[PDB]
């Protein structure tokens, strides 16, 4: 009755508002589309958000690393593909590839997801009905994504904090803060000089604590190298980390 494995593949024509002040596809727009394609793929596998919710569990995004080889532009048509590559005790690993009409690999992403128990309020082994899934054959998996990158430990002790509040518009239809909201805050926090003169080549994301509607957060960053920046978003009150990241610029 259902196929054994699924490669989600979607064609999107870029809208004007999906492009930044330079005419390049914005990273939040891309990531939002990636999350949509990943959701459609999960549904085909019977591991969609609703499938999990109805068994009392939910997905959490832990790691996400997006590499932009070449930015598409207004009215370009792009092909977004996504699928699981491997499934282990606690994690599913999901790849994304974005192709130009050209065939050029415009962008790729790797991601790591865990399952949270709604009873236990904590990570649990992936239930059997998720362990059992077959990733698709005949795709070439992107390189491994380190679970705990070294920048996780970096100090932001002297980095100035900028305050932001979780708004209504940042809440998705699953009643959670959209993980893209954090990337938007992080991007707004980047030095004007860098924004005006460089583009992101890669953004590597480590998600820690969940935030809620109305939470106050602090956004920080530190120059790491001539073309890389580290970023931290944390709860202003508790001081708990919500997002840690590295951006590489070119």
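Positions refer to the first chain, counted from 1.
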{"property": "Stretch with the greater mean C-alpha B-factor as recorded in the entry, comparing 188-196 against 64-72", "result": "188-196"}
{"property": "Segment of higher mean CA temperature factor, 122-130 or 165-173", "result": "122-130"}
{"property": "Largest Cα B-factor, entry values, listed residues 224, 51, 36, 44", "result": "224"}
{"property": "Peak C-alpha temperature factor (PDB record), options 79, 178, 158, 82", "result": "158"}
{"property": "Chain-wide C-alpha B factor ranking for residue 241, given as lowest, middle or highest third", "result": "highest"}
{"property": "Where the record places residue 101 (Cα B-factor, split into thirds across the chain)", "result": "middle"}
{"property": "Among modelled residues of the same chain, the CA temperature factor third for residue 208", "result": "highest"}
{"property": "Position of residue 138 among the chain's modelled residues by C-alpha B-factor, lowest, middle or highest third", "result": "middle"}
{"property": "Third of chain Cα B-factors occupied by residue 247", "result": "middle"}
